[PDB]
Each structure stands twice: as structure tokens, then as C-alpha cells.
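Everything on this sheet refers to the single structure shown next.
When reading the values below, keep in mind they use all heavy atoms of this one structure, side chains included, and skip hydrogens, waters and symmetry mates. In listed order, ligands and their atoms are each counted from 1. Here is the naming used below: chain letters follow the sequence lines, and residue numbers restart at 1 for every chain.
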Amino acid sequence: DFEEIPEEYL
Amino acid sequence: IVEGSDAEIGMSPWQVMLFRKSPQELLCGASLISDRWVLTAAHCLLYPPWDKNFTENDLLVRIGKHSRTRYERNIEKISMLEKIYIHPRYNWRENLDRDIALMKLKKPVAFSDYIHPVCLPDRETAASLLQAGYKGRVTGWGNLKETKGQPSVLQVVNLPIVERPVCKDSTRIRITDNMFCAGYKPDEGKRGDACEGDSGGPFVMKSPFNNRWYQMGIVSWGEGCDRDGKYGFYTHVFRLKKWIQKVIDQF
Amino acid sequence: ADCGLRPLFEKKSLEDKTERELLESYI
Ligand SMILES: N=C(N)c1ccc([C@H]2[C@H]3C(=O)N(Cc4ccc5c(c4)OCO5)[C@H](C4CC4)[C@H]3[C@@H]3CCCN32)cc1
């Protein structure tokens, strides 16, 4: 469901 | 939120989304109380009967959001946790007494039109506003129904604080002075409640004396969602303010 | 300090669509 977030945050 | 409405843009700039990393999911609501501190419910982070015990690195806080699922490029800010502080007498065994936790962010978040901290009440704020019949406001990305289901954007509902005897008589759970309940009675005809995914989010009130928003409550527990004869229960922020101050002054 | 004053509402003297409901319940 959730749009993926910028990798920098994972 | 059940039977609430869409939030306006920038209506709740202290709103915080607790987001799980893997799997990427909504964990709870939460609130921004300064440029590095976020307040939520202890049960959002620690609940051993369900084997819940999230570490810092298990999640992210997302601030400035409106849409639930979208990555809001140039609007939201995503932050990493430095340290989680749960109330040392949070009573998950019995009744979620002292359902409160603090999260320190690794770096300060920049305030903006969409990101801004809410006030915490002092004794007189509490005394003045935490009155049966007085309405507060609850916000979250939680379910729209106890069992249409999930909102596209942040939901809002205003609810009256309920007399302590009514609160107590509505449940078999032992109610404490660290809790209050809010919601309409069946006789009042109107509806609204927090629900699954709204946990840890804020119950706010706008002081008519200085026109500022105060968070009096934290979405803590309830039985079902928006059931006739049942009320949402809220962690009483002012009552645990001593613990809050102690934490932030120490760390 | 700045707390509780929303950039898009109190700071600009705009009200949101239901804060009046709260105010009216404050006795
Ligand atoms: N407004 C509300 N109607 C409302 C309903 C439900 C919640 C929360 C919370 C909820 O009501 N419970 C159940 C519960 C409730 C009371 C308890 C418990 C357990 O143990 C001792 O006393 C949860 C437990 C982690 C503790 C938590 C759960 C998390 C997803 C949604 N639930 C939030 C709001």
C-alpha cells in the first residue's frame, strides 16, 4: 500500500 | 478514525506517523512536541502479550504528512530514532495505566508550514480545559471502521470529554487518574472515535485564553471503535508531565 | 513557545473549519 520512500531513510 | 472527516492542509502540523521499516506499514500515531522530541503511547512500542517490543532501528517517524500512503516529496520529513523512553511504571499487565513514551530524534526536524510542535499543558491548562462536555480533537490515519476501511488522507474528529463515572460504568477495566475518556453518548446522536492505527496520536484542545493548541491526551485504548455505550480512553498528559520533563531535562 | 500556533491557521489568523465547535463547548 505505501509508496516506497527514499532509500536514504531505510 | 471513525465518522470523522478529512483534515485541512496544515490543520495538525504536530501530527506524526510512526512507520514500520520492514514490512513498511503504519504503526501508530504520535506527536511533535519540540524539534527533536516525539510523544506517543507506550503500547505502540511495548506490549509483551502480543510479543511487541520495537527497537529504535525498527522504525521511522514521518512528519508533515497529509496523505496516508504517498511519499509527500518536499513536504514530509522522515526522521530516525536516537532513543526510545517508555514510562517505567507503564502497566501493560493490567490496564495500560501510564500509557506514554518519548522518542528522541537523531537530528532536529525543520519546522515549516506543515511541521510545528504542539504545546503541553501546565496545571492550570488542565484544570481549565479537562472538563466534562468540553470538546477536544483526535487525528490519525487509523481505520475508518471497526471492521471505507482506510483513509486516503488524515482524518479529524472532535469529541467531548466524558464524566469519570460514565467512563468507569462503561467498562469492566479498572480506570486510573492517569486516564480520561471521550466520545458521544448514544443519547447525543453524534458519533466518532479513534480506532486501529490511531493509537499514540494526540487529543488536542485549543485554549480560549491564549489561542494555542494543547495536547491533553494520547490515544490509548478502547473496546471496539465507535460503539454505542463505549468511550475512547486517553492517557492524561498533564498527569504524567513530571515524567516527561524529567526525561527531556535529563536527556 | 511558538508551540500550538499553526503556520497555516493561527499565525495567519485563519480558522479551520471546525475549531469553532470546540470553542463553543468551552462552557
Ligand atoms: N478509541 C478506541 N476505540 C481505540 C480502540 C483501540 C485502540 C488500540 C489499543 C487497545 O484498545 N488495545 C487493547 C487493550 C485495552 C485496554 C487494556 C489492554 C488492552 O490491556 C489492559 O487494558 C491495545 C493493546 C496494545 C494494548 C491497542 C490496540 C492497538 C491497535 C488498536 N488498539 C485504541 C483506541
Side-chain angles (χ1 to χ4, degrees), chain B residues 1-4 15-20 23 25-31 39-54 58-59 68 84 86-87 89-101 135-147 149-151 154-162 164 166-167 169-186 188 190-204 215-237 240:
Chain B
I1 305 287
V2 183
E3 291 270 345
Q15 198 69 212
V16 170
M17 180 180 288
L18 270 37
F19 195 66
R20 202 196 203 126
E25 79 190 22
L26 168 67
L27 272 193
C28 269
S31 65
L39 172 73
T40 185
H43 79 263
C44 285
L45 303 173
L46 178 57
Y47 194 62
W50 290 359
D51 302 301
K52 168 185 307 170
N53 193 358
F54 289 121
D58 284 339
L59 63 135
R68 176 176 73 86
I84 291 171
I86 301 159
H87 207 282
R89 324 176 65 199
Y90 161 52
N91 191 352
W92 52 269
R93 292 196 162 270
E94 175 187 5
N95 59 0
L96 294 196
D97 188 26
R98 306 192 195 82
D99 195 5
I100 190 162
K135 278 158 188 197
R137 174 182 285 172
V138 188
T139 42
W141 290 284
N143 304 173
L144 304 160
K145 291 193 145 118
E146 192 186 314
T147 12
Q150 296 196 239
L154 189 73
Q155 298 294 297
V156 58
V157 72
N158 306 316
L159 299 174
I161 291 166
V162 169
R164 305 217 134 242
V166 172
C167 291
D169 279 349
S170 79
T171 184
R172 302 172 70 156
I173 304 296
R174 182 175 77 82
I175 297 334
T176 62
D177 292 339
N178 306 312
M179 307 178 178
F180 62 96
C181 91
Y184 292 104
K185 317 176 171 161
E188 281 174 318
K190 316 170 133 164
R191 327 208 53 94
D193 200 355
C195 199
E196 153 159 33
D198 290 321
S199 277
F203 180 99
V204 306
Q215 183 184 173
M216 310 311 295
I218 305 168
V219 180
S220 177
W221 59 276
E223 296 169 72
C225 312
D226 196 36
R227 291 195 203 160
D228 271 23
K230 303 291 171 163
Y231 301 89
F233 286 75
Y234 299 86
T235 303
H236 188 320
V237 174
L240 306 158

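If you look at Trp221(B) next to ligand 1, the close heavy atoms, those under 4.0 Å, come from the backbone and the side chain alike. Under 4.0 angstrom from ligand 1, there are no non-hydrogen atoms of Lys230(B). Contacts between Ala194(B) and ligand 1, counted as non-hydrogen atom pairs separated by less than 4.0 Å, involve both the backbone and the side chain.
Ligand 1 has no nitrogen or oxygen under 3.5 angstrom from a nitrogen or oxygen of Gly232(B). Considering backbone and side-chain atoms together, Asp193(B) places an N or O closer than 3.5 Å to an N or O of ligand 1.
Of all protein heavy atoms, the one closest to atom 31 (C) of ligand 1 is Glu196(B) CA, 3.7 Å. In terms of protein heavy-atom proximity, atom 22 (O) of ligand 1 is nearest to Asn95(B) CA, 3.2 Å. Nearest protein neighbour of atom 4 (C) of ligand 1, counting heavy atoms only, is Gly222(B) N, 3.5 Å. Of the protein's non-hydrogen atoms, the one nearest atom 26 (C) of ligand 1 is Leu96(B) CD1, 3.6 Å. The protein heavy atom nearest to atom 9 (C) of ligand 1 is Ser220(B) O, 3.4 Å. The nearest protein atom to atom 8 (C) of ligand 1, hydrogens excluded, is given as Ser199(B) OG, 3.3 Å; this is a heavy-atom distance. Closest to atom 23 (C) of ligand 1 among all protein heavy atoms lies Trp50(B) CH2, 4.2 Å. For atom 19 (C) of ligand 1, the closest non-hydrogen atom of the protein is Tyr47(B) OH, 4.0 Å.
Taken from CG in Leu159(B) to NZ in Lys190(B), the straight-line distance is 10.5 Å, to the nearest 0.5 Å. Rounded to the nearest 0.5 angstrom, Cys225(B) SG and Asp198(B) CG are separated by 8.0 Å. For the atom pair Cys44(B) SG and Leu27(B) CG, the distance stands at 8.0 Å (nearest 0.5 Å).
Looking at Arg68(B), its side chain does come within 3.5 Å of a backbone N or O of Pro151(B) through a donor-acceptor pair.
Using a 4.5 Å cut-off on side-chain heavy atoms (C-beta onward), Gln215(B) and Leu39(B) make contact. By the 4.5 Å heavy-atom criterion applied to side chains, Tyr234(B) and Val219(B) are counted as neighbours.
With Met179(B) as reference, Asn95(B) is the one residue of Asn95(B), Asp99(B), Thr235(B) to meet the side-chain contact (heavy atoms from CB on, under 4.5 Å) rule.
Using cut-offs of 30° and 60° for the angle between ring planes, the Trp221(B) and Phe233(B) rings count as parallel.
Within the structure, the closest approach of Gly142(B) to ligand 1 does not fall below 4.0 Å when heavy atoms are considered. The shortest separation from a heavy atom of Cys44(B) to ligand 1 is not under 4.0 Å, leaving the residue out of contact.
Outside the 6.0 Å centre-distance limit, the rings of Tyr231(B) and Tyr184(B) are not counted as a close aromatic pair.
Nearest heavy atoms, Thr171(B) versus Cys167(B): CG2-O, 3.7 Å.
Distances below 4.0 Å separate heavy atoms of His43(B) from the following atoms of ligand 1: 9 (C), 25 (C), 27 (C).
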